[PDB]
Amino acid sequence: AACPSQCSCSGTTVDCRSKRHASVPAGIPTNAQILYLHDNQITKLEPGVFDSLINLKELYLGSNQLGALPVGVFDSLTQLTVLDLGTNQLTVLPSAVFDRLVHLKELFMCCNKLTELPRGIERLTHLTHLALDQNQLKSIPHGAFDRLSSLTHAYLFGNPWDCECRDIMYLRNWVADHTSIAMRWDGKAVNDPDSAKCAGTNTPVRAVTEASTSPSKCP
Ligand SMILES: CC(=O)N[C@@H]1[C@@H](O)[C@H](O[C@@H]2O[C@H](CO)[C@H](O)[C@H](O)[C@H]2O[C@@H]2O[C@@H](C)[C@@H](O)[C@@H](O)[C@@H]2O)[C@@H](CO)O[C@@H]1O
C-alpha cells in the first residue's frame, strides 16, 4: 500500500497516529477511507488539504495543536461519518464548516477552548455521538439539540455552565428529559445525567429550578 513516511497503511486505512507529525503528511493516498492523524504535533491545516479524499469515512485529528480550521476544509468529505477534533486549541469554527457533512454520525470536540456551540451542528440530524466536554461553554442555544433525534451519547461535563442565566433552562430541560444519553468519561462512556454541572456551585444542571434563574443575569 502506498503510504507516507511515518504512517502505516493497509487497504484504505492510513494510520499516522503517534508518529510526531508536525504537519499533515504530503501525498495521503486519495483512495483513503480511514485517516488517523491523532496524537501528533500538527499545528495547522493548510487550506484544501483534504479536498482529494472524497471517499473518506473517518477522520481523526485529536490530540494535536490546531487553533483554526480553514474555511471549507471538510467540504469534500461528503461520506464522512466520524470526525474527531478533540484535544486541540480550537476557539471559533467557520460558520459553514459542517454544511456538507450531513452523513456525520460521530462528532467529537472535547478539550478545546470553545465558548459557544459551533454553528451548523444543529443541522447534523444523523448524529449518534456528540462530545463537547471540557470546553468553556456556558449554555446551549434554545432548540439546538431538537433535531438530533438519533443521539445516544452526549458528553457535556467539564463546562462552566451558567446556571444563574435563564438561557440555561433549555439545557436543563434537555438533560432532564434525555437522561439516558448524557455521558461522563471514566476512561469509557458512562451514563450519568448529573455530570453536567453548574459553574461555581457544582450542582447538576438538570436539577436547576426555573425560579432560581433569571433573564437579567445573561451577560
Ligand atoms: C482516534 C480515537 O479514537 N481517539 C479517541 C478520543 O476521541 C478519546 O477522547 C475521548 O472522547 C470522548 C468522546 O468519545 C470524551 O470526549 C472524552 O472526554 C475524551 O477523552 C479526553 O481526551 C483524551 C485524549 C484524554 O485526555 C481523556 O482523559 C479526556 O477526557 C480518547 C479517550 O482516551 O481515546 C481516543 O484517543
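Side chains are part of it too, since the values below use all heavy atoms of this structure and drop only hydrogens, waters and symmetry mates. Both counts, for ligands and for their atoms, begin at 1 and track the order of listing. We number each residue from 1, following the sequence as shown.
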For this session: Look at atom NZ of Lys197 and say whether more than 12 heavy atoms of other residues, nucleotides or ligands are closer to it than 6.0 Å.
Result: yes
For this session: Return yes or no for this condition: an N or O of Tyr36 is under 3.5 Å from an N or O of ligand 1.
Result: no
For this session: Would you check if the side chain of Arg100 reaches a backbone N or O of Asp75 as a donor-acceptor pair within less than 3.5 Å?
Result: yes
Exercise. Just which atoms of ligand 1 are under 4.0 Å from any heavy atom in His38?
Worked result: 1 (C)
For this session: Heavy-atom distances under 4.0 Å are what count here, so tell me which part of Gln134 touches ligand 1: side chain, backbone, both or neither.
Result: side chain
Seminar exercise, completed: ligand 1 to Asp84, heavy atom cutoff 4.0 Å, flagged ligand atoms 2 (C), 4 (N), 5 (C), 6 (C), 7 (O)
Exercise. Can you say whether the rings of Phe145 and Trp174 are parallel (under 30°), tilted (30 to 60°) or perpendicular (over 60°)?
Worked result: perpendicular
Seminar exercise, completed: Per-atom filter on ligand 1: closer than 4.0 angstrom to a heavy atom of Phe108 are 13 (C), 14 (O)
For this session: Please answer whether the main-chain N or O of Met183 pairs with a side-chain N or O of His153 as donor and acceptor at a distance below 3.5 Å.
Result: no
Problem set entry | Heavy atom of protein closer than 4.0 angstrom to atom 6 (C) of ligand 1 | yes
Problem set entry | Side chains of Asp39 and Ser63, donor plus acceptor under 3.5 Å | no
Exercise. Distance below 4.0 Å between atom 11 (O) of ligand 1 and any protein heavy atom?
Worked result: no
Seminar exercise, completed: Ranking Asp39, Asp133, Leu61 by closest non-hydrogen atom to atom 18 (O) of ligand 1, top hit is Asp133
Problem set entry | Residues in ring-ring contact (aromatic ring centres under 6.0 Å, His included) contact with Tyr60, at least two apart in sequence or another chain | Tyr36
Exercise. Got an N/O contact under 3.5 Å between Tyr60 and ligand 1?
Worked result: no
For this session: Can you establish whether the number of heavy atoms outside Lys105 located under 6.0 Å from its atom NZ is more than 12?
Result: no
Exercise. In the protein, which heavy atom is nearest to atom 28 (O) of ligand 1, and how far is it?
Worked result: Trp185 CD1, 4.7 Å
Exercise. What protein heavy atom is closest to atom 23 (C) of ligand 1, reported as residue, atom name and distance in Å?
Worked result: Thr87 OG1, 4.4 Å
Exercise. Does the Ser10 side chain pair with the main chain of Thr13, one donor and one acceptor, at a distance under 3.5 Å?
Worked result: no
Exercise. Just to confirm, does any protein heavy atom lie below 4.0 Å from atom 36 (O) of ligand 1?
Worked result: no
Problem set entry | Distance flag for atom 31 (C) of ligand 1, protein heavy atom under 4.0 Å | no
Problem set entry | Over 12 foreign heavy atoms within 6.0 Å of NZ, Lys44 | no
For this session: Using a strict cut-off of 4.0 Å, indicate which atoms of ligand 1 neighbour a heavy atom of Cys110.
Result: 16 (O), 19 (C), 21 (C)
Problem set entry | Those atoms of ligand 1 less than 4.0 Å from some heavy atom in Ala131 | 13 (C), 16 (O)
Exercise. Excluding sequence neighbours, so at least two apart, what forms side chain to side chain donor-acceptor pair (under 3.5 Å) with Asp186?
Worked result: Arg184
